[PDB]
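Shown below, as structure tokens, is a lone chain in the form deposited in one PDB entry; questions about how it binds or moves come after it.
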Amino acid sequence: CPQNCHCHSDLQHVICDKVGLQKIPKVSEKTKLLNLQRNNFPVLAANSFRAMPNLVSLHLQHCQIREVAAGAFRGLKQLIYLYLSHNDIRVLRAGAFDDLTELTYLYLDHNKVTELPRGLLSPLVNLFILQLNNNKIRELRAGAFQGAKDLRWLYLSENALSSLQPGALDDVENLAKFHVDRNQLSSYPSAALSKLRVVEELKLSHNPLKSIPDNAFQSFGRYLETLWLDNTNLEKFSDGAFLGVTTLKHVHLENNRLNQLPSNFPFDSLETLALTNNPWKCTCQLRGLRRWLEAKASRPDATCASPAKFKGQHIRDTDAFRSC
């Protein structure tokens, strides 16, 4: 057990949490968990973890890491978790994650990554979660996810994405969750998202999308269960926007400029619907929404904005749908 660090006998855990380390310590070959959080490792040179074959979890958060050389993790074939959150990584070089065959969860959030280059994830064949929230990624170029066949949860919230290349998501067609909220997408990325086939959660909050085009959800219409479009400056849903959507259960439309919903809005499977803070127009087009709201026990405070006669009245209680 290294100095300044503490070790649990039975568990083969090494704890070096904020113990002032400047170098990667030497540890037993059977070490299964190595916690090096809150230290100082500005550079992770190649073979930084040489004699650690049995390592299953490696925690390197808050280590002020600025450089990750190619092959830094070269010896860690049995590694399952890798936490690199809250460092100063600006570039992820190809080869950085070499020999991480069994890696399943990779956390790179709260760094300064600006790009995902081709082949970075090539050897990460078992990667299930890729956590990249709170970086500065501006564009996902083609090949960014080549090799990551097992990837299912992809988090890219709070970056600077202004567009998604049509080929950005070709290699991860089997994503289950895709979060790209709080970016700068100025329109619904039809080309990129049309490659996803089995998305269950799509999170697009806080992107000035303005509108949703036709066939937006076709490619994953029978898998999509949760949809976030809150604070997207949403003015309109295309009449064919929801073509092919059959199992949508939770939808967030709060804080937009929506006056109407399309005739084919899928209320059949809908379970929850956040829709407050919209200038709802209480006329006949909204009859679909009324019937659904009357059916549900939660009482949202979604009032009418127009026409003038019903302004202020709740959509659920108002008598504006008597003629329709």
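Rigid core: the largest C-alpha set superposing within 1.5 Å between the two forms. When you see a residue number, it is the position in the sequence shown, counting from 1. Residues that one form lacks are left out of the comparison.
> Could you settle it for me: does 264-272 or 291-299 have the higher average Cα B factor in the PDB entry?
Per the PDB entry, the higher value belongs to 291-299.
> Of the two stretches 201-209 and 116-124, which shows the higher Cα B-factor on average in the entry?
Per the deposited B-factors, the answer is 116-124.
> Reading the B-factor column of the entry, which of 56, 63, 52, 68 has the highest value at its C-alpha atom?
Highest C-alpha B-factor among the listed residues goes to 52.
> Looking at the C-alpha B-factor values in the deposited entry, which of 111, 101, 226, 174 comes out highest?
In this record, 101 carries the highest C-alpha B-factor of the candidates.
> C-alpha B factor of residue 96, ranked within the chain: lowest, middle or highest third?
According to the entry, residue 96 has a C-alpha B-factor in the chain's middle third.
> Per the entry's values, where does residue 167 land by CA temperature factor relative to the rest of its chain, in the lowest, middle or highest third?
Residue 167: CA B-factor falls in the highest third of its chain.
> Based on the entry's values, in what third of the chain does the Cα temperature factor of residue 150 lie: lowest, middle or highest?
Its C-alpha B-factor, which the entry lists for residue 150, ranks in the middle third among residues of this chain.
> Residue 143's Cα B-factor: lowest, middle or highest third of the chain?
Ranked within chain, residue 143 CA B lands in the highest tercile.
> What third of the chain, by the recorded C-alpha B-factor, contains residue 250?
It belongs to the lowest third of the chain when residues are ordered by C-alpha B-factor.
This protein has a second form, the form deposited in another entry, left out of what is shown; the following refers to that one.
> Which residue, chosen from 64, 298, 269, 263, moves its CA by 2 Å or more between this form and the one not shown under a rigid core superposition?
Meeting the 2 Å or more criterion is only 298.
> Say whether the C-alpha atoms of residue 299 and residue 250 sit closer together or farther apart in that other deposited form than in the form shown here, given that their separation changes by 3 Å or more.
Closer in that other deposited form, by 3 Å or more.
> Where exactly does the backbone move between this form and the one not shown? Looking for runs of 3+ consecutive residues, each with a CA shift of 2 angstroms or more after core alignment.
Moving regions between this form and the one not shown: 9-11, 296-301.
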